[PDB]
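What follows is a single chain, given as structure tokens, in the form deposited in one PDB entry.
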């Protein structure tokens, strides 16, 4: 029931996803692991609050059948709270490079000016990484299954209710419950990627028209491939989830900047995304990875 142009748009996105999403995480290697004033004190108090909501354990399953498991330390008012940040910095950097490659395969992104390509990727990096993370999230176990690596949420005294307080966790549980198709995920990525209101975008009207066509394709896909009355508001549910993900991005980017200020963890590519010291001069690694 889709136009052929809509069918070709989905084929290009799905082809982009197939070439750039390492679903098994087999090529994620050489990552770090946790080892075997008053205004400054107010900074450390906010950071401790940020790191407490997303507590996870790390399981690494070996080829031989052995299992290494890392339980995080409880907070003792020290730097133990940053134990898993180097590993997560390597994981985030590995995910974003796949995101950069994803966008480059899309023709509409390639035809944009390089400065708008940077602004869009800078604005949607966290969101496309979270959207890809949702497809490997097991809601029954609260575990992100990244091939041999596993990230299991820790049982905070309170259960599901206390975890749902955190907007990041509620997002992953709510998005998983919609049981989306691969095509719907990749259309969510395109809609998030081609956001006209990202800071620094200049071709606003072109990006807005592209986003509209991606959203119309998603709306039309749901009408054609889902039972019509039950999924009558599925598109609007997806759009509300994307709007909430944009809010979570701003909050967590602010969290990341505060942590980076007192404890530097970000990789050089992450520093470009966060704004740490012209768009091309400010983001020289991203420019190179887009010019390849």
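Numbering follows the first chain given and starts at 1.
The same protein also has a form solved in complex with a partner chain, omitted here; what follows describes it.
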Worksheet, complete the sentence: Students should find that, of 128, 118, 91, 85, the residue having a non-hydrogen atom no more than 4.5 angstroms from the partner chain in the deposited complex is 118
Worksheet entry | in the deposited complex, the one of 152, 206, 169, 114 near the partner chain [non-hydrogen atom within 4.5 angstroms] | 114
Worksheet item: Looking in the deposited complex, any heavy atom of residue 273 within 4.5 Å of the partner chain?
Response: yes
Practice prompt. Spell out, yes or no, whether the shortest heavy atom distance between residue 269 and the partner chain in the deposited complex is within 4.5 Å.
Written response: yes
